[PDB]
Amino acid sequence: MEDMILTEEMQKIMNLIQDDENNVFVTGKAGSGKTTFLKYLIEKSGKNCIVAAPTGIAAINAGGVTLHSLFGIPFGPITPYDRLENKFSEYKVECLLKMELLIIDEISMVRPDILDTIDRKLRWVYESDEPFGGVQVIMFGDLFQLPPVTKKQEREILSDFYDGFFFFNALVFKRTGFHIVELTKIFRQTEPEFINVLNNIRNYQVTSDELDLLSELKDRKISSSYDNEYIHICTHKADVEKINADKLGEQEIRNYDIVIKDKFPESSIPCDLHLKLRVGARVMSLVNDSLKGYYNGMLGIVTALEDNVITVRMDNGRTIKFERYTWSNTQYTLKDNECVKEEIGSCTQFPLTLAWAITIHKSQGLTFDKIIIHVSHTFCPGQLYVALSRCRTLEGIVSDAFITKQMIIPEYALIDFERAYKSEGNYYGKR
C-alpha cells in the first residue's frame, strides 16, 4: 500500500513503541486498519520484528509463524509448574536472542497460559528474570472477538491458577503491563448510528428505542430463502456445509484440487482443498488485490469456468478473471548472522469459496453489505453482538426471528477490563 492513511491513533502507537519498555495492545473493530497498520509498523521502527499468531491461518495471513512453532509449545493446558522440554535449534535460539520486538496478531484468541509459557521460554533463553526476557511486545486484535471455547480438561487444569480465560488474565501481566490504543476509523465506511447500537449492545446499555430497531430486522420470508444478495451468518460448520452444498447442486460441477509444494501444515491452509464450483455459484474472495480490484470478503457470482481461470461478476458490477493464488508458509532463520524469514512451503488454489453461508468463525474480521442472522435461541455471551457486527449497516441486517432483550448477554470481564484501563491511563497491568 502506497495508499495508507496515517491517523492520529496510529502515530500515537508509534510514539509509544519508541520507548523500548512500552508493551502495546492495538485494538479495534473490523475495517479499522489493523493488519495494514501492522505492516506499516514493521517497516517503520528499528527492530528486528518477529510476527506470530495463535493459528496457522492467522499466521499465514499475517505472514508470520504460529506461537506454538516459534516457541516449541506442546498443544495443551500448561500450568506454571508443568515442566517444559525447551530446546529449539541454534537458529531458533539465536533468532529469539536477536528479536527486539515480538508482535502477536489475534491476541484475543490466545488462551492466557500460552502467554505465560512464552514468557517462561523467553526468560530461559535470555537467561533473564525480566518479563519476556526484556523483549518488547505489541499485541493486535479485537477484544470482543469471542475467544475459542475452553474444553473440559482445559478449564479444569487451568482454573486452579487463572482468574480468567482471556489473554489479559496471563500471570505475566502481574509483573508487566501494556498501554492500549483503539483504532477508531473504519476506512471502508462510516455509519455512526449503527456502530453506536453495536457499542450499546456490547456495554449492556441499550434503549427501548434501540430494541425497537432490533425487532424490525425480522423478515422470516427472506431468512428462509437462498436466492438473494444476503449471506447467512451461521454459528456451526455443518449448517453452512449444508446450505452451500444444497445450493451448489450436482449439475455441471467443476472441481479444482489444491496444490502443495514442500512443507505446509494442514491447519494453516486458508482455502478449499477441493474447490467445487458451477456457473451461478455464489462466492467470496479470499485475498486483497487492489490491482485486480478485489478485497478479502468481496462477494460475486460465477459467470464462467475454465481450467486455469474463473470469471466472476462482483456485486459492484465489475467482472474479474480469477487466477490461482499461492500462499507462502514461512519461518524465521539466520542468514549472515541476521534473523530473517524463509519460505519452507506453499499451497496454490483459486482464492474463492462458496459464499451462500459463512460461519461466525470463518467470517471473523469481515463485513458484508447484506446478511441473514439466525437468533439461535440458546445464546452465549456477546454472540448477538458478533453476528450483527458482520454487517456494515443496520438496514443490511435481516433476522430470522425477533431480536429480544433476552438475546443480549454481556461479557462483563470485557466491560470491566475496558472500563478500568479507560480510566487508569489507557494502561493495564503492573507499571
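From 1 onward, residues are counted along the sequence shown.
Of the two stretches 374 to 382 and 28 to 36, which shows the higher Cα B-factor on average in the entry?
Of 28 to 36 and 374 to 382, the stretch with the higher C-alpha B-factor average is 374 to 382.
Which of the two stretches, 173 to 181 or 188 to 196, shows the higher mean Cα temperature factor in the record?
Going by the record's values, the stretch with the higher mean is 188 to 196.
With respect to the C-alpha temperature factors reported in the PDB entry, which of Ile260, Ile253, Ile310, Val135 ranks highest?
The listed residue with the largest C-alpha B-factor is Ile253.
Most elevated Cα B-factor in the entry, residues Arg111, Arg282, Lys98, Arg123
The listed residue with the largest C-alpha B-factor is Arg123.
Lowest, middle or highest third of the chain for the C-alpha temperature factor of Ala401?
For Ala401, the deposited C-alpha B-factor lands in the highest third.
Would you please rank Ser363 by its C-alpha temperature factor against the other modelled residues of its chain and give the third it falls in: lowest, middle or highest?
It falls in the middle third of the chain.
Ordered by C-alpha B-factor within the chain, which third holds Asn48? Give me lowest, middle or highest, please.
Tercile = highest for this residue's CA B-factor.
Comparing against every modelled residue in the chain, figure out the third that the C-alpha B-factor of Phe350 lands in (lowest, middle or highest).
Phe350: CA B-factor falls in the lowest third of its chain.
Considering only modelled residues of the same chain, in which third does the CA B-factor of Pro74 rank: lowest, middle or highest?
Top third by C-alpha B-factor.
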